[PDB]
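Everything on this sheet refers to the single structure shown next.
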Amino acid sequence: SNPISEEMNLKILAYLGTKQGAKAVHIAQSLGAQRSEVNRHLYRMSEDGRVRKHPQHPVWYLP
Amino acid sequence: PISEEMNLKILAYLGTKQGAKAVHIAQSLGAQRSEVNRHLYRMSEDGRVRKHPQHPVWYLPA
């Protein structure tokens with residue numbers, strides 16, 4: 001595993017600031033980053049209340 | 001740190017429901033929400049679980 005990067009966090013935040021909101025795929029596309037790393041950073045940031053998401057809580061289920 | 005036992009407990013719980021939010025899963029399993037979410041997203045990567053909606057919209061708080 002690789003550690004969390006505050007630089008990536010800040011890049012994500014800068015991107016989101018310019019939008020009404022964005023899905024992780026678009027964030028990753030703009031940043032030229034992996035969607036997985038972007039998501040990984042988004043979750044952690046959400047824990048610190050640095051980002052939010054709609055809806056707040058998804059419903060999980062089985063395939 | 002991912003436990004397959006925790007994964008299986010989550011799956012067993014989700015099986016009996018139409019679906020559930022992480023808070024309810026955590027409370028039912030007697031676990032913390034953070035751990036449950038960790039396992040849920042890890043399993044999501046592997047396609048062992050899914051969520052509605054699949055792609056949330058992220059934004060900044062004010």
Side-chain angles (χ1 to χ4, degrees), chain A residues 3-63, chain B:
Chain A
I4 201 78
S5 168
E6 176 66 0
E7 293 195 5
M8 173 161 293
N9 290 333
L10 294 169
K11 291 176 180 178
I12 293 175
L13 293 179
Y15 176 79
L16 284 179
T18 64
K19 309 289 181 174
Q20 301 169 85
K23 293 171 182 175
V25 53
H26 301 124
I27 301 175
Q29 186 276 340
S30 177
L31 269 48
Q34 307 174 52
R35 189 195 299 194
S36 59
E37 286 298 305
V38 170
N39 276 323
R40 180 168 154 267
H41 287 64
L42 283 170
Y43 305 150
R44 289 289 200 94
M45 281 199 285
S46 182
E47 288 318 285
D48 291 331
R50 302 178 67 182
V51 295
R52 295 179 176 229
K53 71 183 188 197
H54 293 298
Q56 209 168 332
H57 314 297
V59 175
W60 295 92
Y61 67 99
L62 302 189
Chain B
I2 296 299
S3 168
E4 179 62 15
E5 293 206 359
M6 176 53 55
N7 286 342
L8 290 171
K9 293 185 181 182
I10 294 175
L11 295 173
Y13 178 80
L14 282 177
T16 66
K17 307 290 181 178
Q18 294 174 93
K21 295 175 179 167
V23 171
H24 296 134
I25 301 177
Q27 179 179 307
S28 179
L29 294 189
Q32 303 302 323
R33 192 192 59 96
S34 59
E35 179 178 2
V36 166
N37 267 333
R38 189 171 70 243
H39 290 74
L40 282 169
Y41 284 102
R42 191 57 53 97
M43 281 195 287
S44 172
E45 300 173 18
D46 296 322
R48 299 177 69 182
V49 293
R50 302 189 63 174
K51 64 182 189 298
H52 288 303
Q54 186 179 351
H55 304 130
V57 172
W58 300 90
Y59 68 104
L60 299 195

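Chain letters run A, B, ... following the sequence lines, proteins first and then strands; every chain starts at 1.
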* Which residue out of B:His24, B:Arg48, B:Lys21, B:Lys17 racks up the most heavy-atom pairs below 4.5 Å with chain A? -> B:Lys21
* To do: Could you tell me which portion of A:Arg35 (side chain, backbone, both or neither) has an atom closer than 4.5 angstrom to a non-hydrogen atom of chain B?
  => side chain
* So with a 6.0 Å cut-off around CD of B:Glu5, is the heavy-atom count from everything else above 12? -> no
* Give a yes or no on this: more than 12 heavy atoms of other residues, nucleotides or ligands lie within 6.0 Å of atom NZ of A:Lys11. => no
* A:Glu37 and A:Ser5, any side-chain heavy atoms less than 4.5 Å apart -> no
* Part of B:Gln54 lying under 4.5 Å from any heavy atom of chain A -> neither
* Any side-chain heavy atom of B:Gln18 sitting closer than 4.5 Å to one from A:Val59? -> no
* With only heavy atoms counted, which part of A:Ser46 is less than 4.5 Å from chain B, the side chain, the backbone, both or neither? -> side chain
* Counting only heavy atoms closer than 4.5 Å, note whether B:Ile10 contacts chain A via side chain, backbone, both or neither. => neither
* If you tally heavy-atom pairs under 4.5 Å against chain A, which of B:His55, B:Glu45, B:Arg38, B:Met43 wins? -> B:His55
* Cluster check A:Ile27, A:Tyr43: I/L/V/M/F/W/Y, side chain < 4.5 angstrom -> yes
